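Student: got the complex split up, this is the first portion:
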Amino acid sequence: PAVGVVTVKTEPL
Amino acid sequence: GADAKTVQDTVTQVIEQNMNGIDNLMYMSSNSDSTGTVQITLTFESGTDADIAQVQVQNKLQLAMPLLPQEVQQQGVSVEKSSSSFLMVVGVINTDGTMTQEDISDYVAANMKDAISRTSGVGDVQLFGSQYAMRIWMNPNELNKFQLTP
């Protein structure tokens, strides 16, 4: 079963 | 403003601790909310009107009236008897959409809705909507600007 999977990119502040 | 805990205590346990000497139910049910609309549902024995036990319970509620938070009864409390059956839904909307759903709501509500209630055969017209109000939007920079409190 498929899931909406959103993944981290945290470069600036 | 208040929570389901305040619902339970300041309102609902007032009722439960006053739903006493109560007559001819089949049972009773209730729920809470954070929004504030408490609802108690009271399934009663058949063969009778709603009105006798209605005024029983709502008059021990009249015994319960100063026990309320003053604020909600300053707003008012719906203590109603209604069988929960609809009649129909009524579709009222500016197809242009230039007016808000509030605008239509108080439009019909002030204007039209009431003479429907001045017509035969009515239970409740559910106003999906409300009256207008004097809605006000503060600024802490302005209170702060003039060193004030709301």
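Tutor: Yes, it's here. Residues are numbered from 1 along each chain as shown, chains lettered A, B, ... in the order given.

Student: what about residue 8, neighbour count?
Tutor: Looking at chain A here, since you left the chain open. The number of residues packed near residue A:8 is 4, by other CB atoms under 10 Å in any protein chain shown. Backbone N, C-alpha and C define where each C-beta goes, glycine included.

Student: Can you look at chain B instead?
Tutor: Close neighbours of residue B:8, defined as other CB under 10 Å, add up to 16.

Student: check contacts around the closest residue to it other than its chain neighbours.
Tutor: Closest residue in space to residue B:8, ignoring its immediate chain neighbours: residue B:32 at 5.8 Å, by CB to CB, 6 or more residues apart in numbering or on different chains. Residues near residue B:32 by CB atoms under 8 Å, 6 or more residues apart in numbering or on different chains: B:4, B:7, B:8, B:12, B:38.

Student: so which of those residues is the most crowded?
Tutor: residue B:7 (22 neighbours).

Student: how far away is it from residue B:14?
Tutor: According to CB to CB, to the nearest Å, residue B:7 stands 10 Å off from residue B:14.

Student: Residue B:93 is in contact with residue B:104, correct?
Tutor: Yes. Counting by CB atoms under 8 Å, residue B:104 does reach residue B:93; the two are 6.1 Å apart.

Student: Buried residues, stretch B:120-137. List them.
Tutor: The neighbour-count check on stretch B:120-137 (16 or more other CB atoms under 10 Å in any protein chain shown) flags residue B:129 as buried.

Student: can you slot in chain C too:
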Amino acid sequence: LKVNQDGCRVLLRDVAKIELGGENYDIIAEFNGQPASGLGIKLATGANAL
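Tutor: One more piece, chain C, placed on the ones above:
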């Protein structure tokens, strides 16, 4: 609203926004593409239908 001894008047519009108001704002109800207003009707006991 408040002043000083000059009488620098303060107005409610100067601090806040004035408009009409939903007592709540909670139901965005929609019917056929546009959000629509709705009016329930319920039954009168002992009345007719037809």
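
Student: The contacts of residue B:32 with chain C there, same question as before?
Tutor: Contacts of residue B:32 were listed using CB under 8 Å, 6+ apart, and they are B:4, B:7, B:8, B:12, B:38.

Student: From those, which land in helices?
Tutor: residue B:4 (DSSP state H).

Student: Turn the contacts of residue B:32 into CSV, including distance to chain C.
Tutor: Output for these, formatted as CSV (distance: CB to the nearest CB, whole Å):
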residue, distance to chain C
B:4, 16
B:7, 16
B:8, 21
B:12, 21
B:38, 15
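
Student: Next step: the contacts of residue B:32 restricted to strands.
Tutor: Judged by DSSP state E, those include no members of strands.

Student: of the contacts of residue B:32, closest to residue B:45?
Tutor: For these, the residue nearest residue B:45 by CB to CB is residue B:12; the value is 23.0 Å.

Student: Surely that closest one is in contact with residue B:30?
Tutor: Yes. Residue B:12 is within contact range of residue B:30, at 6.2 Å (criterion: CB under 8 Å).

Student: anything in contact with each of the two?
Tutor: Common neighbours of residue B:12 and residue B:30, using CB under 8 Å, 6+ apart, are B:38, B:40.

Student: if we can go back for a sec, reformat the contacts of residue B:32 into TSV and put distance to residue B:58 next to each item.
Tutor: Shown next, in TSV, are those (distance: CB to CB, whole Å):
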residue	distance to residue B:58
B:4	23
B:7	19
B:8	20
B:12	16
B:38	15
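
Student: center of chain C, which residue is that?
Tutor: Chain C has residue C:22 as the residue nearest its centroid, 2.1 Å off, counting by CA atoms, centre = their mean.

Student: following sequence is chain D, add it:
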Amino acid sequence: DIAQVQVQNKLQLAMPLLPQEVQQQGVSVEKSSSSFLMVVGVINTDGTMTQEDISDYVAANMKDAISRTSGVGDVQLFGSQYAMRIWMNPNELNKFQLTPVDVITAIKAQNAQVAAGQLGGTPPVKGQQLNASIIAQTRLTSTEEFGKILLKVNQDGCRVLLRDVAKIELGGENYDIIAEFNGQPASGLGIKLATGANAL
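Tutor: One more chain to add, chain D, which I have set with the ones above:
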């Protein structure tokens, strides 16, 4: 019921005419006939619990599902609910120059319940993702929470907690009735006849 609601609704006409305080307590507008039925007693035969404790035990615990039983008139509580009972000392009030009225003003001032709201109710801003409810000052539960209720200070912070002048305990809403059943009090419970009750 007809003349009942006649008279109790001209009593509804008569409501603000009362002293406000007794209707802050309430009025026993009661239609009932004077017909008893069984007044069921219980007692800790040790007597470790007071008659108040038994009364609040049933009244909180037992009494109400008896009221959830068929055919019931009144469930008569020969007794009462627990409460908060406080016993002052004018030596200590006088020691800190205390009016108990202002003590009550603090009692309301910290006891009361605060309606708060939510973290951005309707309508929020566009693009808002989160609303939840603001949680705020609560009506209190423990007698030590009650006991730590702040009273006057000095400028250093030489504070006054609660009681410190007084006494916290459970409150008999009166203390006036002494029943006794054979060496000790008990809990007799008046299960009175309902009007239309069906007894056997």
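
Student: ok chain D is in now, so what about the buried residues of stretch B:120-137?
Tutor: Buried, per 16+ other CB under 10 Å, within stretch B:120-137: B:123, B:125, B:127, B:128, B:129, B:130, B:132.

Student: gap between it and the chain center?
Tutor: 11 Å (CA atoms, centre = their mean, to the nearest Å).

Student: and what of stretch B:37-44?
Tutor: 12 Å.

Student: Contacts for that stretch next, please.
Tutor: Contacts of stretch B:37-44 (CB under 8 Å, 6+ apart): B:7, B:11-12, B:15, B:24-33, B:50, B:53, B:57.

Student: quick one: secondary structure of residue 10?
Tutor: Because you didn't say which chain, this covers chain A. Look at residue A:10: counting by DSSP: H, G, I helix; E, B strand; the rest coil, its state is coil.

Student: Tell me which residue of chain A lies closest to chain D.
Tutor: Closest approach of chain A to chain D (CB to the nearest CB) occurs at residue A:6, with a separation of 13.4 Å.

Student: my bad, chain B
Tutor: Chain D sits closest to residue B:1 of chain B, with a gap of 3.3 Å, by CB to the nearest CB.

Student: Would you mind measuring from the residue of chain A at minimum distance from chain B to residue D:127?
Tutor: Nearest to chain B in chain A, going by CB to the nearest CB, is residue A:13, at a distance of 26.6 Å. Counting by CB to CB, the separation of residue A:13 from residue D:127 is 20 Å.

Student: hmm, the helix or strand hosting residue C:18 touching chain B?
Tutor: According to DSSP states H and E, residue C:18 maps onto strand C:17-19. Yes. Contact between strand C:17-19 and chain B, assessed by CB under 8 Å from any CB of the partner chain, occurs at C:17, C:18, C:19.
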